[PDB]
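>>> return atomic coordinates for the entry below.
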Amino acid sequence: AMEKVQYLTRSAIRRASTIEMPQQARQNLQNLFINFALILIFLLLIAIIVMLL
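Residues are numbered from 1 along each chain as shown. Now the structure:
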């Protein structure tokens, strides 16, 4: 084979649960965690503008 991008060679035995890529997410737990965080900060926002304001 020939390398064209380092995404599987760079830090292969060092990166653990992190990724060496120009793409912020590649696995669905990353995607669903940010989805849950968006839901939770949206819930916090609407709690404030209904109960503090």
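>>> so what touches stretch 16-31?
6-7, 10-11, 34 (CB atoms under 8 Å, 6 or more residues apart in numbering). (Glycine included, C-beta is placed from N, CA and C.)
>>> likewise stretch 1-9?
Residues contacting stretch 1-9 (CB under 8 Å, 6+ apart): 19-21.
>>> returning to that earlier point: any of the contacts of stretch 16-31 buried? List them.
Among the contacts of stretch 16-31, none scores as buried (criterion: 16 or more other CB atoms under 10 Å).
>>> mind putting these into CSV with secondary structure and distance to residue 46?
Below are the contacts of stretch 16-31 laid out as CSV (DSSP: H, G, I helix; E, B strand; the rest coil; distance: CB to CB, whole Å):
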residue, secondary structure, distance to residue 46
6, coil, 43
7, coil, 39
10, coil, 42
11, coil, 41
34, helix, 19
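>>> and the gap between residue 37 and residue 8?
Using CB to CB, to the nearest Å, we find residue 37 at a distance of 28 Å from residue 8.
>>> from residue 52, how far out is residue 3?
Applying CB to CB to residue 3 and residue 52 gives a distance of 55 Å.
>>> can you check residue 22 too?
40 Å.
>>> and residue 35, by the same measure?
In terms of CB to CB, residue 35 sits 26 Å off from residue 52.
>>> the two: who's more crowded?
residue 35 (11 against 6; other CB atoms under 10 Å).
>>> and the most centrally placed residue in the chain, what element?
Residue closest to the mean C-alpha point of the chain, counted by CA atoms, centre = their mean, is residue 30 at 4.1 Å. Element membership of residue 30, judged by DSSP states H and E, is helix 28-51.
>>> neighbour-wise, which one of the contacts of stretch 1-9 leads?
Busiest of these [other CB under 10 Å] is residue 19, holding 16 neighbours.
>>> so that residue, which state does it fall into?
coil (DSSP: H, G, I helix; E, B strand; the rest coil).
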